[PDB]
Every structure is written in C-alpha cells, then in structure tokens.
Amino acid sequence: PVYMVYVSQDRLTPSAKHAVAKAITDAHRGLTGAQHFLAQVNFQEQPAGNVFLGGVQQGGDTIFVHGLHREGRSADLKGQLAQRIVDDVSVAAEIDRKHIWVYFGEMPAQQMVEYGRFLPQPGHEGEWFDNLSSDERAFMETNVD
C-alpha cells in the first residue's frame, strides 16, 4: 500500500517522521501480513495554516493519513487497521487522537504497481514474492526495519 501522510512543516522532526513511518508500517504488516518492504509512507509537508477545518484556519497539529490499498479485505479488518493507525500515530507523533484523520481508498491489485511489478491479490502474497527475480527480491529485502 501507499500511505500519504499530510502534516504541517516542522511539526515532525526526522525522528518523529521515522517513528510515524514505523508505526504505520508495523500496523499494516501486523493486520494484513503484507511484507514490510511493500508499505510506503510518504510525508507531504506544507507550511502551517494550509489546513482549514470548517472554514477555520489551523495551526500545525493536523495529521491526515490517506491510505491507498488493494481491494479484497473485509470492512472489519479495515476498521481495525485505521483504528490502530490512529492510536499508533497519536503515540509515535505525540499528538492527540482528535487531530488525526484517516481515509482508506482501494483499487484492484491489477492496476497497482510497486517496485515496477503488478501487485498480487491479498490471497497471493507469498507466491508473488517467490516468483520474483533474485535481483528484485534482494532490493526489496533492503527496505525492512
């Protein structure tokens, strides 16, 4: 999946971003079994005051996670995943949960490319990996922590 994380500039230090990226990555691997290296976290920083709530300009304490997934999981699994993201980014970023927004959008795995390869169904995770070339396997292998 790809997790677009829209935050205010400076509100997360490189350590906070790294903690937030780990929290979302570990939450996703935890509840879906998709390997670590398959989860992208992409911070989009914008100066404070670019976020408006009900027409009201905001300071730098808003966090909007927009997760982009493949289709095929149950509404229940997706509920738990968004809740665990909320709780684990609140902790990792030292921000209160009311400041956190989370949207999941889904697409067919047939129109999703990661590491230049079409993604498999969530009922295909392990077999897809074993049938990748060894140069690709190794390169993905590096993006784990």
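When you see a residue number, it is the position in the sequence shown, counting from 1.
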property: Residue range whose averaged C-alpha B-factor is higher in the record, 89-97 or 75-83; result: 89-97
property: Residue range whose averaged C-alpha B-factor is higher in the record, 45-53 or 29-37; result: 29-37
property: Record-listed C-alpha B factor of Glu106: chain third; result: lowest
property: B-factor third for the C-alpha atom of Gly59 within its chain; result: middle
property: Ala16 - which third its CA temperature factor falls in, relative to the rest of the chain; result: middle
property: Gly116 - which third its CA temperature factor falls in, relative to the rest of the chain; result: middle
